[PDB]
>>> print(open('model_21.txt').read())   # compact mmCIF, N, CA and C atoms
# COMPACT_ATOMS: atom_id res chain seq x y z
N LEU A 1717 128.28 60.15 118.92
CA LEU A 1717 127.61 61.25 119.59
C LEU A 1717 128.24 61.55 120.94
N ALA A 1718 128.59 60.51 121.69
CA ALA A 1718 129.25 60.72 122.98
C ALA A 1718 130.56 61.48 122.80
N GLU A 1719 131.40 61.04 121.86
CA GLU A 1719 132.69 61.71 121.66
C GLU A 1719 132.51 63.13 121.14
N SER A 1720 131.60 63.33 120.19
CA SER A 1720 131.39 64.66 119.63
C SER A 1720 130.84 65.61 120.68
N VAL A 1721 129.95 65.13 121.55
CA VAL A 1721 129.47 65.94 122.66
C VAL A 1721 130.61 66.28 123.60
N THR A 1722 131.50 65.32 123.86
CA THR A 1722 132.64 65.58 124.73
C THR A 1722 133.50 66.72 124.18
N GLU A 1723 133.74 66.72 122.86
CA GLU A 1723 134.54 67.80 122.28
C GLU A 1723 133.76 69.11 122.23
N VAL A 1724 132.46 69.05 121.92
CA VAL A 1724 131.69 70.27 121.76
C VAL A 1724 131.39 70.95 123.09
N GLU A 1725 131.45 70.22 124.21
CA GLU A 1725 131.39 70.89 125.50
C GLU A 1725 132.61 71.78 125.72
N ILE A 1726 133.79 71.28 125.37
CA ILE A 1726 135.00 72.10 125.47
C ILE A 1726 134.92 73.27 124.51
N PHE A 1727 134.36 73.05 123.32
CA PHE A 1727 134.20 74.14 122.37
C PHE A 1727 133.25 75.22 122.89
N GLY A 1728 132.08 74.81 123.38
CA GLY A 1728 131.09 75.78 123.82
C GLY A 1728 131.50 76.56 125.05
N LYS A 1729 132.08 75.89 126.04
CA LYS A 1729 132.48 76.55 127.27
C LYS A 1729 133.83 77.23 127.10
N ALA A 1730 133.95 78.07 126.07
CA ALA A 1730 135.18 78.80 125.80
C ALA A 1730 134.84 80.01 124.94
N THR A 1731 135.78 80.95 124.89
CA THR A 1731 135.63 82.16 124.10
C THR A 1731 136.77 82.25 123.10
N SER A 1732 136.50 82.92 121.97
CA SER A 1732 137.47 83.08 120.88
C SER A 1732 137.95 81.71 120.38
N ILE A 1733 137.00 80.94 119.85
CA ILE A 1733 137.30 79.60 119.36
C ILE A 1733 138.28 79.68 118.21
N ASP A 1734 139.33 78.87 118.27
CA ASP A 1734 140.31 78.82 117.19
C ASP A 1734 139.68 78.15 115.97
N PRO A 1735 139.69 78.78 114.80
CA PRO A 1735 139.04 78.16 113.63
C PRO A 1735 139.64 76.82 113.24
N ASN A 1736 140.94 76.61 113.47
CA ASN A 1736 141.58 75.37 113.03
C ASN A 1736 141.00 74.16 113.75
N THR A 1737 140.96 74.21 115.09
CA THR A 1737 140.45 73.07 115.84
C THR A 1737 138.96 72.88 115.60
N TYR A 1738 138.21 73.98 115.44
CA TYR A 1738 136.79 73.87 115.14
C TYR A 1738 136.56 73.18 113.80
N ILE A 1739 137.36 73.54 112.79
CA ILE A 1739 137.21 72.92 111.47
C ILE A 1739 137.62 71.45 111.52
N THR A 1740 138.66 71.13 112.29
CA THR A 1740 139.04 69.73 112.44
C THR A 1740 137.93 68.92 113.10
N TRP A 1741 137.29 69.49 114.12
CA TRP A 1741 136.17 68.81 114.76
C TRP A 1741 135.01 68.63 113.78
N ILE A 1742 134.72 69.66 112.98
CA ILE A 1742 133.63 69.56 112.01
C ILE A 1742 133.92 68.46 111.00
N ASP A 1743 135.16 68.38 110.52
CA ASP A 1743 135.52 67.35 109.56
C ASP A 1743 135.51 65.96 110.19
N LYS A 1744 135.84 65.87 111.48
CA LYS A 1744 135.96 64.56 112.13
C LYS A 1744 134.62 63.83 112.18
N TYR A 1745 133.54 64.54 112.49
CA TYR A 1745 132.24 63.92 112.70
C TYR A 1745 131.29 64.25 111.55
N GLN A 1746 130.24 63.44 111.44
CA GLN A 1746 129.28 63.58 110.36
C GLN A 1746 128.42 64.83 110.55
N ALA A 1747 127.78 65.24 109.45
CA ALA A 1747 126.96 66.45 109.48
C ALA A 1747 125.84 66.33 110.50
N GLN A 1748 125.08 65.24 110.44
CA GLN A 1748 124.03 64.99 111.42
C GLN A 1748 124.59 65.03 112.83
N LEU A 1749 125.74 64.39 113.04
CA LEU A 1749 126.32 64.32 114.37
C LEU A 1749 126.85 65.68 114.82
N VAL A 1750 127.42 66.45 113.90
CA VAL A 1750 127.91 67.78 114.25
C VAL A 1750 126.75 68.67 114.70
N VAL A 1751 125.66 68.66 113.93
CA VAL A 1751 124.50 69.47 114.30
C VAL A 1751 123.92 69.00 115.63
N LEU A 1752 123.81 67.68 115.82
CA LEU A 1752 123.24 67.16 117.06
C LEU A 1752 124.10 67.53 118.26
N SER A 1753 125.42 67.46 118.11
CA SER A 1753 126.31 67.84 119.20
C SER A 1753 126.17 69.32 119.53
N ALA A 1754 126.06 70.17 118.50
CA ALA A 1754 125.85 71.59 118.76
C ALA A 1754 124.54 71.82 119.51
N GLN A 1755 123.47 71.14 119.10
CA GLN A 1755 122.19 71.30 119.78
C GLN A 1755 122.27 70.85 121.23
N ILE A 1756 122.91 69.71 121.48
CA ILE A 1756 123.02 69.19 122.84
C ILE A 1756 123.81 70.16 123.71
N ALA A 1757 124.94 70.65 123.19
CA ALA A 1757 125.75 71.59 123.96
C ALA A 1757 124.99 72.86 124.28
N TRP A 1758 124.28 73.42 123.29
CA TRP A 1758 123.53 74.64 123.53
C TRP A 1758 122.42 74.42 124.55
N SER A 1759 121.69 73.31 124.43
CA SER A 1759 120.60 73.04 125.36
C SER A 1759 121.12 72.88 126.78
N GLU A 1760 122.22 72.15 126.95
CA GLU A 1760 122.76 71.96 128.29
C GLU A 1760 123.31 73.27 128.86
N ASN A 1761 123.96 74.08 128.02
CA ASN A 1761 124.45 75.37 128.49
C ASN A 1761 123.31 76.28 128.92
N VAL A 1762 122.23 76.32 128.15
CA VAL A 1762 121.08 77.15 128.51
C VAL A 1762 120.43 76.64 129.79
N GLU A 1763 120.33 75.31 129.94
CA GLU A 1763 119.76 74.76 131.16
C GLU A 1763 120.61 75.11 132.37
N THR A 1764 121.94 75.02 132.24
CA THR A 1764 122.82 75.39 133.35
C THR A 1764 122.68 76.88 133.68
N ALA A 1765 122.63 77.73 132.65
CA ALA A 1765 122.49 79.16 132.89
C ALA A 1765 121.17 79.49 133.59
N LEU A 1766 120.09 78.83 133.17
CA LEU A 1766 118.80 79.06 133.81
C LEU A 1766 118.80 78.56 135.25
N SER A 1767 119.41 77.40 135.50
CA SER A 1767 119.47 76.88 136.86
C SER A 1767 120.27 77.80 137.77
N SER A 1768 121.40 78.32 137.28
CA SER A 1768 122.17 79.28 138.04
C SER A 1768 121.47 80.63 138.18
N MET A 1769 120.43 80.88 137.39
CA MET A 1769 119.67 82.12 137.44
C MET A 1769 118.38 81.98 138.23
N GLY A 1770 118.33 81.03 139.17
CA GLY A 1770 117.10 80.80 139.91
C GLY A 1770 116.63 82.01 140.69
N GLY A 1771 117.57 82.77 141.25
CA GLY A 1771 117.20 83.97 141.98
C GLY A 1771 116.56 85.02 141.09
N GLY A 1772 117.06 85.16 139.86
CA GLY A 1772 116.52 86.14 138.94
C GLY A 1772 117.53 86.57 137.90
N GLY A 1773 117.51 87.86 137.54
CA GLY A 1773 118.47 88.38 136.59
C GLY A 1773 119.86 88.59 137.14
N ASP A 1774 120.04 88.44 138.45
CA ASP A 1774 121.36 88.59 139.05
C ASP A 1774 122.29 87.49 138.58
N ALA A 1775 123.51 87.88 138.22
CA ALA A 1775 124.56 86.96 137.76
C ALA A 1775 124.04 86.07 136.63
N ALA A 1776 123.69 86.73 135.53
CA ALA A 1776 123.07 86.05 134.40
C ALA A 1776 124.14 85.47 133.48
N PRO A 1777 124.21 84.15 133.33
CA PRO A 1777 125.10 83.55 132.33
C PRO A 1777 124.48 83.42 130.95
N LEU A 1778 123.20 83.78 130.79
CA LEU A 1778 122.56 83.71 129.48
C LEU A 1778 123.26 84.64 128.49
N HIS A 1779 123.72 85.80 128.96
CA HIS A 1779 124.50 86.68 128.11
C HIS A 1779 125.79 86.00 127.65
N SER A 1780 126.42 85.23 128.54
CA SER A 1780 127.62 84.49 128.16
C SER A 1780 127.30 83.44 127.10
N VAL A 1781 126.17 82.75 127.24
CA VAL A 1781 125.77 81.76 126.23
C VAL A 1781 125.54 82.43 124.89
N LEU A 1782 124.85 83.58 124.89
CA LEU A 1782 124.63 84.31 123.65
C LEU A 1782 125.94 84.78 123.04
N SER A 1783 126.88 85.23 123.87
CA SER A 1783 128.18 85.66 123.37
C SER A 1783 128.94 84.50 122.74
N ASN A 1784 128.88 83.33 123.37
CA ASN A 1784 129.52 82.15 122.78
C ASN A 1784 128.88 81.78 121.45
N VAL A 1785 127.55 81.88 121.37
CA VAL A 1785 126.86 81.60 120.11
C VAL A 1785 127.29 82.58 119.04
N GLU A 1786 127.41 83.87 119.39
CA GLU A 1786 127.86 84.87 118.43
C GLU A 1786 129.28 84.59 117.97
N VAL A 1787 130.16 84.18 118.89
CA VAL A 1787 131.54 83.88 118.52
C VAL A 1787 131.58 82.70 117.55
>>> encode(input="model_21.txt", output="structure tokens")
Amino acid sequence: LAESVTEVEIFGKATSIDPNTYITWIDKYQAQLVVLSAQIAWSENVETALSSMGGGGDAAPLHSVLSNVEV
């Protein structure tokens, strides 16, 4: 879980993910672990975006998180 989270942080905090490296990461770790790493990365990204959004809607990274999820 530690290693998969380490890789999935690099995956999440990026745009236009290369399918080859993503598929290699998926194959490397177990299904349970892949899903758990995705959940951890998304939760931490949303928490960071909300913390940076303390003032309000100004400089919203939530749109960036949604864009990464769509990608």
>>> atom_distance(input="model_21.txt", atom1="atom CA of residue 1735 of chain A", atom2="atom N of residue 1776 of chain A")
28.1 Å
>>> select_by_dssp(input="model_21.txt", residues="chain A", states="helix (DSSP H, G or I)", output="ChimeraX atom specification")
/A:1718-1728,1735-1744,1747-1768,1778-1786
>>> atom_distance(input="model_21.txt", atom1="atom CA of residue 1718 of chain A", atom2="atom CA of residue 1755 of chain A")
13.1 Å
>>> residues_around(input="model_21.txt", residues="residue 1754 of chain A", least_positions_apart="5", cutoff="8 Å", atoms="all atoms listed in the file", output="VMD selection string")
chain A and resid 1720 to 1721 1724 to 1725 1748 to 1749 1759 to 1760
>>> closest_residue(input="model_21.txt", among="A:1778, A:1733, A:1717, A:1769", to="residue 1751 of chain A", atoms="only C-alpha atoms")
A:1717
>>> closest_residue(input="model_21.txt", among="A:1785, A:1775, A:1742, A:1757", to="residue 1722 of chain A", atoms="only C-alpha atoms")
A:1757
>>> axis_aligned_box(input="model_21.txt", around="segment 1781-1785 of chain A", padding_each_side="5 Å", output="JSON")
{"center_x": 127.1, "center_y": 83.6, "center_z": 123.1, "size_x": 14.9, "size_y": 14.1, "size_z": 18.2}
>>> atom_distance(input="model_21.txt", atom1="atom CA of residue 1729 of chain A", atom2="atom CA of residue 1758 of chain A")
9.9 Å
>>> closest_residue(input="model_21.txt", among="A:1774, A:1744, A:1727, A:1787", to="residue 1761 of chain A", atoms="only C-alpha atoms")
A:1727
>>> closest_residue(input="model_21.txt", among="A:1738, A:1743, A:1764, A:1752", to="residue 1726 of chain A", atoms="only C-alpha atoms")
A:1738
>>> decode(input="model_21.txt", residues="segment 1742-1760 of chain A", atoms="N, CA and C atoms", output="PDB file, in the first residue's frame")
ATOM      1  N   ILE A1742      -1.108  -0.748 -12.777  1.00  0.00           N
ATOM      2  CA  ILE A1742      -2.276  -1.565 -12.460  1.00  0.00           C
ATOM      3  C   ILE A1742      -1.886  -3.034 -12.362  1.00  0.00           C
ATOM      4  N   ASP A1743      -1.059  -3.505 -13.297  1.00  0.00           N
ATOM      5  CA  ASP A1743      -0.621  -4.896 -13.269  1.00  0.00           C
ATOM      6  C   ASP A1743       0.296  -5.178 -12.086  1.00  0.00           C
ATOM      7  N   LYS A1744       1.086  -4.188 -11.666  1.00  0.00           N
ATOM      8  CA  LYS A1744       2.070  -4.415 -10.612  1.00  0.00           C
ATOM      9  C   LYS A1744       1.408  -4.758  -9.282  1.00  0.00           C
ATOM     10  N   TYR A1745       0.327  -4.068  -8.935  1.00  0.00           N
ATOM     11  CA  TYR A1745      -0.304  -4.215  -7.633  1.00  0.00           C
ATOM     12  C   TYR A1745      -1.638  -4.939  -7.755  1.00  0.00           C
ATOM     13  N   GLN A1746      -2.099  -5.464  -6.624  1.00  0.00           N
ATOM     14  CA  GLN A1746      -3.325  -6.246  -6.586  1.00  0.00           C
ATOM     15  C   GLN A1746      -4.547  -5.350  -6.782  1.00  0.00           C
ATOM     16  N   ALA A1747      -5.669  -5.985  -7.130  1.00  0.00           N
ATOM     17  CA  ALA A1747      -6.898  -5.243  -7.392  1.00  0.00           C
ATOM     18  C   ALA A1747      -7.331  -4.446  -6.168  1.00  0.00           C
ATOM     19  N   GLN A1748      -7.407  -5.112  -5.014  1.00  0.00           N
ATOM     20  CA  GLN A1748      -7.729  -4.428  -3.768  1.00  0.00           C
ATOM     21  C   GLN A1748      -6.781  -3.264  -3.530  1.00  0.00           C
ATOM     22  N   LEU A1749      -5.487  -3.498  -3.737  1.00  0.00           N
ATOM     23  CA  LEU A1749      -4.495  -2.462  -3.476  1.00  0.00           C
ATOM     24  C   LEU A1749      -4.591  -1.329  -4.486  1.00  0.00           C
ATOM     25  N   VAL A1750      -4.874  -1.651  -5.747  1.00  0.00           N
ATOM     26  CA  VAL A1750      -5.021  -0.609  -6.761  1.00  0.00           C
ATOM     27  C   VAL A1750      -6.194   0.299  -6.416  1.00  0.00           C
ATOM     28  N   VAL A1751      -7.335  -0.301  -6.067  1.00  0.00           N
ATOM     29  CA  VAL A1751      -8.505   0.493  -5.707  1.00  0.00           C
ATOM     30  C   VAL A1751      -8.225   1.326  -4.463  1.00  0.00           C
ATOM     31  N   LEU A1752      -7.588   0.726  -3.453  1.00  0.00           N
ATOM     32  CA  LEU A1752      -7.304   1.456  -2.220  1.00  0.00           C
ATOM     33  C   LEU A1752      -6.362   2.626  -2.469  1.00  0.00           C
ATOM     34  N   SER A1753      -5.346   2.426  -3.311  1.00  0.00           N
ATOM     35  CA  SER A1753      -4.431   3.512  -3.640  1.00  0.00           C
ATOM     36  C   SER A1753      -5.156   4.637  -4.363  1.00  0.00           C
ATOM     37  N   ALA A1754      -6.050   4.290  -5.293  1.00  0.00           N
ATOM     38  CA  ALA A1754      -6.827   5.323  -5.972  1.00  0.00           C
ATOM     39  C   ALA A1754      -7.680   6.108  -4.983  1.00  0.00           C
ATOM     40  N   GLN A1755      -8.329   5.408  -4.050  1.00  0.00           N
ATOM     41  CA  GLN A1755      -9.158   6.085  -3.056  1.00  0.00           C
ATOM     42  C   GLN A1755      -8.324   7.013  -2.182  1.00  0.00           C
ATOM     43  N   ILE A1756      -7.160   6.543  -1.732  1.00  0.00           N
ATOM     44  CA  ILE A1756      -6.305   7.355  -0.869  1.00  0.00           C
ATOM     45  C   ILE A1756      -5.840   8.602  -1.609  1.00  0.00           C
ATOM     46  N   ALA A1757      -5.400   8.431  -2.860  1.00  0.00           N
ATOM     47  CA  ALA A1757      -4.937   9.571  -3.639  1.00  0.00           C
ATOM     48  C   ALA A1757      -6.050  10.587  -3.847  1.00  0.00           C
ATOM     49  N   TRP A1758      -7.251  10.119  -4.202  1.00  0.00           N
ATOM     50  CA  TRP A1758      -8.354  11.046  -4.423  1.00  0.00           C
ATOM     51  C   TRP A1758      -8.728  11.777  -3.141  1.00  0.00           C
ATOM     52  N   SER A1759      -8.792  11.056  -2.019  1.00  0.00           N
ATOM     53  CA  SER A1759      -9.162  11.693  -0.761  1.00  0.00           C
ATOM     54  C   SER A1759      -8.142  12.747  -0.357  1.00  0.00           C
ATOM     55  N   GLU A1760      -6.851  12.437  -0.495  1.00  0.00           N
ATOM     56  CA  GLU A1760      -5.831  13.411  -0.121  1.00  0.00           C
ATOM     57  C   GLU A1760      -5.834  14.609  -1.065  1.00  0.00           C
TER      58      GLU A1760
END
